[PDB]
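> This is the structure I have questions about; it appears just below.
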Amino acid sequence: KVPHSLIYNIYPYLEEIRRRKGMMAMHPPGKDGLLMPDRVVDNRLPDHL
Amino acid sequence: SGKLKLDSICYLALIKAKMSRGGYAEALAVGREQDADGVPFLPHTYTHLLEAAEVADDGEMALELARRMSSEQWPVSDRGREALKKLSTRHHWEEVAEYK
Amino acid sequence: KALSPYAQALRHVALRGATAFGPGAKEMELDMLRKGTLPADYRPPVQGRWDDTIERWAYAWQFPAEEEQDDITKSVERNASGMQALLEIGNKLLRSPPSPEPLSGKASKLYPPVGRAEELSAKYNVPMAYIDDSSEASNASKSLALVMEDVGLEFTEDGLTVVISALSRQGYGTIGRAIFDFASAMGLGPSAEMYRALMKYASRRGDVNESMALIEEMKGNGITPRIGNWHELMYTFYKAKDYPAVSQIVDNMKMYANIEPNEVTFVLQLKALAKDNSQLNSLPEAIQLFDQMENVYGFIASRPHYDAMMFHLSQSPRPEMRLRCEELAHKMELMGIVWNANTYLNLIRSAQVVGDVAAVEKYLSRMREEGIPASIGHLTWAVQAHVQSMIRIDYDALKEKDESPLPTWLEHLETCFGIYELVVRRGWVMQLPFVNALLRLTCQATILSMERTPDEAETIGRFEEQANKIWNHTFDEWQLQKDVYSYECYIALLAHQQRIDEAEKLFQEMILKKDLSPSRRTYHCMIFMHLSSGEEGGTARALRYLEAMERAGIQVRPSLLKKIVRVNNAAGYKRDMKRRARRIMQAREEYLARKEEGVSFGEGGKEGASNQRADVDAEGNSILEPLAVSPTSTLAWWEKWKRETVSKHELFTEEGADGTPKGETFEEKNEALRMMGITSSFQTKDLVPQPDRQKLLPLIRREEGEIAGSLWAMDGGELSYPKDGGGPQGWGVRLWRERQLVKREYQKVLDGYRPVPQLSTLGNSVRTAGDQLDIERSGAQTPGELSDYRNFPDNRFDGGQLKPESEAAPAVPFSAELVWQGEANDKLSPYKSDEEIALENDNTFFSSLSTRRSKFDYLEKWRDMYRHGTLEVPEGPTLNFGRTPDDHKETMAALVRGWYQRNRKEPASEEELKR
Amino acid sequence: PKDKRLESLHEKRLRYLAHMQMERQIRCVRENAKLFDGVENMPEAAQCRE
């Protein structure tokens, strides 16, 4: 681990607590099967554009 | 122009402004500016560019426009239907290409 | 040193003279042993065979093993005719499958003959393809075994995995699947390695769903997947840029599949952790995984383990990780694993992230010393090393020395453009990361020029024009397509210029049209651009970019959150200026209205002060009035300047270009002071006292206290001075401690950390009177100028006055015209090959080798050129240094003949041709 | 000598040769001013007045 994830209270350090899982497995699938979350347009594009 | 990523409606207001002064030859250059910027063509842009090919008699310009509506499967407006029938009467280009 | 091996050989013979081409040291020992004149401390070379065995043992401890793999799939796929025969056989099997039939199998022209079966196959354990019953399937099996034996295979369960792998690595998914199903239908069972060779297609393509469908298919047919299937699934998730899924597959393979990991498992896991951005702890996880593989599992690390570890260690610019990478490379070269292009590429990657160009040039010289050719990626990361060296210039130290960093920027630009002229001269195919590195270099030069020298607009314009030339013309010159990094550098450039609409336009053109997934850095750029801009709703769009980072799997680091808070607190000033400009414009409009309507003319008459006088109250009694102050005072002039000068609304008509009130620059400040009738003593920023440049004064203020005391004194009581009683609070101890701090500063002066101070009046008045006379007749400010006045008596004027610096020219020796002195100041010789330098220097037979080039090849050629005797070398070292304090004189006296003949023999040839 | 890396050495050599030329000129003119210009203060009034 990184040492600052062991003594400091910042919330993305909570991602250091859990084990490594695949980003296609945590995010919901698409029409074809497992899909990366940054390959769909509405996830990578902000809402004001 | 250079800073904002303009859409088809912002290009449509420039098309309607050119056609108000009799700039039907210049209104086709606005449509050529739209595909150069990567902005796709909407059915309200087709019905105003086909009207600009009536006064300018640019039958070769409407050859690529009518082939682009069949490739993109847009619904043709009633103002765009009469513009295709007038140019197919003058140039006879739809009868020799088998495209209706 | 960055010397070429040609220049290294020339310097070698310059240092050793004529004995470098004679006998060796051990040949001199053999002659001393044979003649009998050998001292006792010398080791006598008494036996040749046993000394040969000793040296072979000592060199066998460093001898590298052979890691080359004669893979059958690569031998098949390089064979074009066998690949075409397999392709047409697979097309015949795919378009029309054969008939598993009895007699009259010759009914078709698809499967011609080449020159009871099921119950025969069921009894004697013979597969169906190995039995010929004169069928179409038997003819197809004979054609397939005829083709597969031409490429070296055997047509078995082990042979068909090779052809399915060789087809699947070249596309051809349905053809390999048709061959797989034809083999599985003809008795040769669907082994797990055939499923692995099927999954190689989706692994190379990167399709996760096809690989998982093949996993579920081999599970449905009753085949438990071995470690090769999970390895190809890990490579499928690695090729699809899903890096923690590899670690999840390894964890579930250890837990549920009960499969102990091989070394290829550790290689794929380190390759996935080298690009993993899911969590923050990828590098300590990789360190602990390498330690667990070496110590606990007992595996010995090979070249792929070292490469996957050094590629991950080269990404962090921490010095401990760079030290780990260097010690890993040293353990690699110590364990009998020689360095290759990937090892030098990892070393250049580790040296470029800290901005160390000297280590990159030493690695580029060591790579051409061993004969390893430098590819385009080495020069790409050398350009990125120049980028990171431009980043990490100590600009505050140059601000103390009043030095502009502009010639260093011009040198860093012209070196990399010389590299770009080098890569087009060798005929290399132009790669996308090289042009991206040049674009990054120019955009970073523009950003650093806007940050450090904001008033030099012409340099910013030149850097912007070069960046637009690279962005607009260079990509389509080599027919290259722009990628995430190419848009990332240009978006960072446009975001630093506060051109928000063009940056957002290119952002949505990258996302929508070209369908590119933006990186984390170009998301940080769009966050910090809207944060730094003080317009309304900037953080409302920065949180939209944060949401787009969150819901697309982009990593949100805690350093990003701390920088968001810091940048928002810093851009609060810009937000407050853009909010105050609105009230300024409102007050301007109201002033222009009320000075036209005429309410101020009615309000100027003090009718209330005329009716109710200053000495008469509301009832009529006499009240006390304060006496008038002197008009020669400062406060009377300040209220006269408040009343008589122009209004606050008449200073500026329009506001600033970007939302802010005018007056931030010095031209608007000086114009506003001219409108208020005040001529500024400080016109520009070089006439600013700048109290951050002080070094001795804050050191005095920190420990003891304020040395001035009466700097801030209102009425004579806010002064900080020692007491008059004495003791520890008196003047003596305070002056003693201030003298001790000045002694620490003077000791810093004596050791070269601080510049030498100028001559003070207190220092001059205590000096020797002759030195005072020399100072007052020379006008020297520093004692270095006095040392130049004494040690150069021919420099001064006739009245003893000192001449300036530009009127002195020292003698430059000819020994700076040597080849190793020319390569030290070229700044392109590490980026040049051996052939380019050998073409540039002499272009003769003397440097011609006839392809491996090294220093010892030149020495071996010049040895037989000396003994023939076509090469003449003078006896003795012509390059002398290190022995006597006067050594440059003796090496100048040894090269006068050679340099004079070098400069005089070509005009002798010019005058001998009878011009 | 016809190399693209030796221009600044040629500029420094040109400055050194011009410096030693100007120093020889200042040397010989100062030799003339110490040898015969001491008689300018003791010169005759006719040669000064004419």
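Residues are named by chain letter and number: chains run A, B, ... in the order of the structure tokens, numbers start at 1 in each chain, and ligands are numbered from 1 in the order shown.
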Give me the residues within 12 Å of residue 9 (chain A) as a ChimeraX atom specification, counting only C-alpha atoms and dropping any in the same chain fewer than 5 places off.

/A:4,14 /C:558

> May I have the residues from that selection written out with C-alpha atoms, as a PDB file, in the first residue's frame?


ATOM      1  CA  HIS A   4      -0.691   8.031   3.278  1.00  0.00           C
ATOM      2  CA  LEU A  14     -11.483   3.724   0.481  1.00  0.00           C
TER       3      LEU A  14
ATOM      4  CA  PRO C 558      -6.422  12.801  -3.431  1.00  0.00           C
TER       5      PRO C 558
END

> Got a sec: who's within 9 Å of residue 43 (chain A), counting only C-alpha atoms, leaving out chain neighbours fewer than 4 positions off, as a list in words?

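Contacts, with the query itself left out: residues 37, 38 and 39 of chain A; 547, 548, 549, 550, 551, 552 and 553 of chain C.
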
> Write the residues of the preceding selection, restricted to N, CA, C and O atoms, as a PDB file, in the first residue's frame.


ATOM      1  N   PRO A  37     -16.145   1.422 -19.058  1.00  0.00           N
ATOM      2  CA  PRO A  37     -17.050   2.544 -18.773  1.00  0.00           C
ATOM      3  C   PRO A  37     -16.709   3.819 -19.522  1.00  0.00           C
ATOM      4  O   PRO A  37     -17.586   4.676 -19.669  1.00  0.00           O
ATOM      5  N   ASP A  38     -15.478   3.983 -19.995  1.00  0.00           N
ATOM      6  CA  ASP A  38     -15.110   5.177 -20.742  1.00  0.00           C
ATOM      7  C   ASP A  38     -15.325   5.030 -22.240  1.00  0.00           C
ATOM      8  O   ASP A  38     -14.976   5.944 -22.993  1.00  0.00           O
ATOM      9  N   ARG A  39     -15.881   3.908 -22.696  1.00  0.00           N
ATOM     10  CA  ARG A  39     -16.159   3.731 -24.113  1.00  0.00           C
ATOM     11  C   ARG A  39     -17.565   4.155 -24.502  1.00  0.00           C
ATOM     12  O   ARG A  39     -17.835   4.332 -25.694  1.00  0.00           O
TER      13      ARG A  39
ATOM     14  N   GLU C 547     -17.611  14.694 -12.365  1.00  0.00           N
ATOM     15  CA  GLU C 547     -18.604  13.633 -12.521  1.00  0.00           C
ATOM     16  C   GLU C 547     -18.302  12.768 -13.737  1.00  0.00           C
ATOM     17  O   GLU C 547     -18.501  11.546 -13.701  1.00  0.00           O
ATOM     18  N   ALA C 548     -17.819  13.382 -14.820  1.00  0.00           N
ATOM     19  CA  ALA C 548     -17.432  12.619 -16.001  1.00  0.00           C
ATOM     20  C   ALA C 548     -16.191  11.772 -15.745  1.00  0.00           C
ATOM     21  O   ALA C 548     -16.035  10.709 -16.353  1.00  0.00           O
ATOM     22  N   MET C 549     -15.298  12.225 -14.864  1.00  0.00           N
ATOM     23  CA  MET C 549     -14.193  11.374 -14.432  1.00  0.00           C
ATOM     24  C   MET C 549     -14.678  10.234 -13.551  1.00  0.00           C
ATOM     25  O   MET C 549     -14.137   9.125 -13.617  1.00  0.00           O
ATOM     26  N   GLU C 550     -15.684  10.494 -12.712  1.00  0.00           N
ATOM     27  CA  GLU C 550     -16.153   9.479 -11.777  1.00  0.00           C
ATOM     28  C   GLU C 550     -16.913   8.365 -12.484  1.00  0.00           C
ATOM     29  O   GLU C 550     -16.682   7.182 -12.209  1.00  0.00           O
ATOM     30  N   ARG C 551     -17.816   8.710 -13.399  1.00  0.00           N
ATOM     31  CA  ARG C 551     -18.676   7.697 -13.994  1.00  0.00           C
ATOM     32  C   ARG C 551     -18.076   7.039 -15.229  1.00  0.00           C
ATOM     33  O   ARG C 551     -18.735   6.191 -15.837  1.00  0.00           O
ATOM     34  N   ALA C 552     -16.848   7.390 -15.611  1.00  0.00           N
ATOM     35  CA  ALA C 552     -16.168   6.733 -16.721  1.00  0.00           C
ATOM     36  C   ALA C 552     -14.959   5.925 -16.273  1.00  0.00           C
ATOM     37  O   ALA C 552     -14.187   5.466 -17.120  1.00  0.00           O
ATOM     38  N   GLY C 553     -14.767   5.746 -14.970  1.00  0.00           N
ATOM     39  CA  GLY C 553     -13.666   4.948 -14.478  1.00  0.00           C
ATOM     40  C   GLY C 553     -12.335   5.656 -14.392  1.00  0.00           C
ATOM     41  O   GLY C 553     -11.324   5.002 -14.112  1.00  0.00           O
TER      42      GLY C 553
END

> So how far away is CA of residue 22 (chain A) from CA of residue 242 (chain C), in Å?

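The value is 6.2 Å.
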
> Can you tell me which residues surround residue 40 (chain A) at a distance of at most 12 Å, considering only C-alpha atoms, apart from same-chain residues fewer than 2 positions away, and format the answer as a PDB file with N, CA and C atoms, in the first residue's frame?


ATOM      1  N   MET A  24     -14.786  -3.578 -16.108  1.00  0.00           N
ATOM      2  CA  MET A  24     -15.960  -4.065 -16.818  1.00  0.00           C
ATOM      3  C   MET A  24     -16.880  -4.874 -15.917  1.00  0.00           C
ATOM      4  N   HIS A  27     -18.898  -2.097 -13.352  1.00  0.00           N
ATOM      5  CA  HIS A  27     -19.806  -1.260 -14.118  1.00  0.00           C
ATOM      6  C   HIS A  27     -20.803  -2.122 -14.890  1.00  0.00           C
ATOM      7  N   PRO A  28     -22.021  -1.617 -15.136  1.00  0.00           N
ATOM      8  CA  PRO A  28     -23.046  -2.457 -15.757  1.00  0.00           C
ATOM      9  C   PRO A  28     -22.734  -2.725 -17.218  1.00  0.00           C
ATOM     10  N   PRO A  29     -23.142  -3.878 -17.743  1.00  0.00           N
ATOM     11  CA  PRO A  29     -22.811  -4.235 -19.126  1.00  0.00           C
ATOM     12  C   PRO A  29     -23.633  -3.439 -20.133  1.00  0.00           C
ATOM     13  N   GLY A  30     -23.266  -3.604 -21.401  1.00  0.00           N
ATOM     14  CA  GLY A  30     -23.978  -2.963 -22.489  1.00  0.00           C
ATOM     15  C   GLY A  30     -24.764  -3.946 -23.331  1.00  0.00           C
ATOM     16  N   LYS A  31     -24.978  -3.614 -24.606  1.00  0.00           N
ATOM     17  CA  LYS A  31     -25.715  -4.497 -25.500  1.00  0.00           C
ATOM     18  C   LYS A  31     -24.880  -5.670 -25.995  1.00  0.00           C
ATOM     19  N   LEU A  34     -19.550  -7.349 -21.723  1.00  0.00           N
ATOM     20  CA  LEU A  34     -18.730  -6.496 -20.876  1.00  0.00           C
ATOM     21  C   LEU A  34     -18.146  -5.354 -21.695  1.00  0.00           C
ATOM     22  N   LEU A  35     -18.162  -4.159 -21.116  1.00  0.00           N
ATOM     23  CA  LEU A  35     -17.723  -2.959 -21.806  1.00  0.00           C
ATOM     24  C   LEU A  35     -17.000  -2.054 -20.823  1.00  0.00           C
ATOM     25  N   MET A  36     -15.967  -1.371 -21.308  1.00  0.00           N
ATOM     26  CA  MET A  36     -15.283  -0.384 -20.490  1.00  0.00           C
ATOM     27  C   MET A  36     -16.200   0.812 -20.246  1.00  0.00           C
ATOM     28  N   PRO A  37     -16.145   1.422 -19.058  1.00  0.00           N
ATOM     29  CA  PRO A  37     -17.050   2.544 -18.773  1.00  0.00           C
ATOM     30  C   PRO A  37     -16.709   3.819 -19.522  1.00  0.00           C
ATOM     31  N   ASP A  38     -15.478   3.983 -19.995  1.00  0.00           N
ATOM     32  CA  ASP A  38     -15.110   5.177 -20.742  1.00  0.00           C
ATOM     33  C   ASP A  38     -15.325   5.030 -22.240  1.00  0.00           C
ATOM     34  N   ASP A  42     -21.892   8.914 -22.978  1.00  0.00           N
ATOM     35  CA  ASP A  42     -22.540   9.660 -21.904  1.00  0.00           C
ATOM     36  C   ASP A  42     -21.789   9.586 -20.580  1.00  0.00           C
ATOM     37  N   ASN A  43     -20.870   8.633 -20.421  1.00  0.00           N
ATOM     38  CA  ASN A  43     -20.075   8.586 -19.200  1.00  0.00           C
ATOM     39  C   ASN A  43     -18.877   9.525 -19.271  1.00  0.00           C
ATOM     40  N   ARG A  44     -18.165   9.538 -20.397  1.00  0.00           N
ATOM     41  CA  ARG A  44     -16.971  10.367 -20.503  1.00  0.00           C
ATOM     42  C   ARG A  44     -17.300  11.829 -20.763  1.00  0.00           C
ATOM     43  N   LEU A  45     -18.429  12.111 -21.382  1.00  0.00           N
ATOM     44  CA  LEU A  45     -18.764  13.495 -21.696  1.00  0.00           C
ATOM     45  C   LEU A  45     -19.490  14.136 -20.519  1.00  0.00           C
TER      46      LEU A  45
ATOM     47  N   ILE C 511     -14.054  13.629 -28.343  1.00  0.00           N
ATOM     48  CA  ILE C 511     -14.959  12.647 -27.754  1.00  0.00           C
ATOM     49  C   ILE C 511     -15.979  12.151 -28.776  1.00  0.00           C
ATOM     50  N   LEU C 512     -16.669  13.068 -29.455  1.00  0.00           N
ATOM     51  CA  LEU C 512     -17.811  12.671 -30.271  1.00  0.00           C
ATOM     52  C   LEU C 512     -17.389  12.150 -31.640  1.00  0.00           C
ATOM     53  N   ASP C 515     -14.051   9.526 -31.432  1.00  0.00           N
ATOM     54  CA  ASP C 515     -14.385   8.456 -30.481  1.00  0.00           C
ATOM     55  C   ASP C 515     -13.185   8.050 -29.624  1.00  0.00           C
ATOM     56  N   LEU C 516     -12.421   9.042 -29.182  1.00  0.00           N
ATOM     57  CA  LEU C 516     -11.255   8.803 -28.345  1.00  0.00           C
ATOM     58  C   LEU C 516     -11.606   8.987 -26.876  1.00  0.00           C
ATOM     59  N   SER C 517     -11.107   8.087 -26.039  1.00  0.00           N
ATOM     60  CA  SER C 517     -11.296   8.212 -24.599  1.00  0.00           C
ATOM     61  C   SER C 517     -10.216   9.119 -24.023  1.00  0.00           C
ATOM     62  N   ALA C 548     -17.819  13.382 -14.820  1.00  0.00           N
ATOM     63  CA  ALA C 548     -17.432  12.619 -16.001  1.00  0.00           C
ATOM     64  C   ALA C 548     -16.191  11.772 -15.745  1.00  0.00           C
ATOM     65  N   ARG C 551     -17.816   8.710 -13.399  1.00  0.00           N
ATOM     66  CA  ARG C 551     -18.676   7.697 -13.994  1.00  0.00           C
ATOM     67  C   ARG C 551     -18.076   7.039 -15.229  1.00  0.00           C
ATOM     68  N   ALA C 552     -16.848   7.390 -15.611  1.00  0.00           N
ATOM     69  CA  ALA C 552     -16.168   6.733 -16.721  1.00  0.00           C
ATOM     70  C   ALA C 552     -14.959   5.925 -16.273  1.00  0.00           C
ATOM     71  N   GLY C 553     -14.767   5.746 -14.970  1.00  0.00           N
ATOM     72  CA  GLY C 553     -13.666   4.948 -14.478  1.00  0.00           C
ATOM     73  C   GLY C 553     -12.335   5.656 -14.392  1.00  0.00           C
TER      74      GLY C 553
END

> I want to know what sits within 10 Å of region 68-74 of chain B, based on only C-alpha atoms, with residues of the same chain fewer than 3 positions away left out; could you give that as a compact mmCIF listing (two decimals) with C-alpha atoms, in the first residue's frame?


# COMPACT_ATOMS: atom_id res chain seq x y z
CA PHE B 41 -26.34 17.41 -41.85
CA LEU B 42 -29.88 17.64 -40.46
CA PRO B 43 -33.12 17.52 -42.52
CA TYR B 46 -31.23 19.77 -46.57
CA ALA B 62 -27.82 18.73 -55.44
CA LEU B 63 -26.43 15.46 -56.82
CA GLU B 64 -24.29 15.00 -53.70
CA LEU B 65 -27.04 16.30 -51.41
CA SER B 77 -39.66 17.46 -46.21
CA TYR B 99 -32.57 7.36 -58.23
CA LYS B 100 -36.05 8.29 -56.98

> If the cut-off is 7 Å, can you tell me the residues of chain C near chain D, counting only C-alpha atoms? I'd like them as a list in words.

residues 809, 810, 811, 812, 822, 826 and 903 of chain C

> Could you take the residues named above and write them with N, CA and C atoms, as a PDB file, in the first residue's frame?


ATOM      1  N   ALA C 809      40.122  40.039 -24.449  1.00  0.00           N
ATOM      2  CA  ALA C 809      39.931  38.813 -25.216  1.00  0.00           C
ATOM      3  C   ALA C 809      41.048  37.840 -24.867  1.00  0.00           C
ATOM      4  N   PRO C 810      40.749  36.717 -24.223  1.00  0.00           N
ATOM      5  CA  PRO C 810      41.798  35.755 -23.881  1.00  0.00           C
ATOM      6  C   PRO C 810      42.162  34.867 -25.062  1.00  0.00           C
ATOM      7  N   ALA C 811      43.347  34.269 -24.963  1.00  0.00           N
ATOM      8  CA  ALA C 811      43.864  33.413 -26.023  1.00  0.00           C
ATOM      9  C   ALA C 811      43.210  32.040 -25.940  1.00  0.00           C
ATOM     10  N   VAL C 812      42.503  31.655 -26.998  1.00  0.00           N
ATOM     11  CA  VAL C 812      41.870  30.342 -27.068  1.00  0.00           C
ATOM     12  C   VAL C 812      42.859  29.366 -27.697  1.00  0.00           C
ATOM     13  N   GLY C 822      35.304  18.515 -29.705  1.00  0.00           N
ATOM     14  CA  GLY C 822      34.220  18.938 -30.566  1.00  0.00           C
ATOM     15  C   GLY C 822      32.938  18.180 -30.298  1.00  0.00           C
ATOM     16  N   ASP C 826      29.088  19.660 -28.975  1.00  0.00           N
ATOM     17  CA  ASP C 826      28.231  19.579 -30.153  1.00  0.00           C
ATOM     18  C   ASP C 826      26.754  19.590 -29.776  1.00  0.00           C
ATOM     19  N   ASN C 903      45.989  22.366 -40.719  1.00  0.00           N
ATOM     20  CA  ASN C 903      45.498  23.638 -41.232  1.00  0.00           C
ATOM     21  C   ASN C 903      46.236  24.124 -42.475  1.00  0.00           C
TER      22      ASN C 903
END

> Kindly determine which residues of chain B lie within 12 Å of chain C, considering only C-alpha atoms, and give the answer as an MDAnalysis selection string.

chainID B and resid 1:7 37:40

> Output C-alpha atoms for every residue in the selection just made, as a PDB file, in the first residue's frame.


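Once everything was written out, this is selection17.pdb:
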ATOM      1  CA  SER B   1     -16.659  30.630 -35.709  1.00  0.00           C
ATOM      2  CA  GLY B   2     -13.199  29.471 -34.669  1.00  0.00           C
ATOM      3  CA  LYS B   3     -13.799  29.203 -30.929  1.00  0.00           C
ATOM      4  CA  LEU B   4     -17.271  27.674 -30.497  1.00  0.00           C
ATOM      5  CA  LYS B   5     -18.230  24.236 -31.814  1.00  0.00           C
ATOM      6  CA  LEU B   6     -21.345  25.377 -33.637  1.00  0.00           C
ATOM      7  CA  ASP B   7     -24.185  23.009 -34.474  1.00  0.00           C
ATOM      8  CA  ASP B  37     -16.147  21.591 -39.701  1.00  0.00           C
ATOM      9  CA  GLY B  38     -17.377  18.018 -39.178  1.00  0.00           C
ATOM     10  CA  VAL B  39     -20.917  19.116 -38.285  1.00  0.00           C
ATOM     11  CA  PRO B  40     -23.433  16.541 -39.593  1.00  0.00           C
TER      12      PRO B  40
END

> Compile the contact shell of residue 529 (chain C) as a PyMOL selection string: residues with an atom at most 10 Å away, counting only C-alpha atoms, same-chain residues fewer than 5 positions apart removed.

chain C and resi 492+494-500+503+523-524+534+538-539+542+567
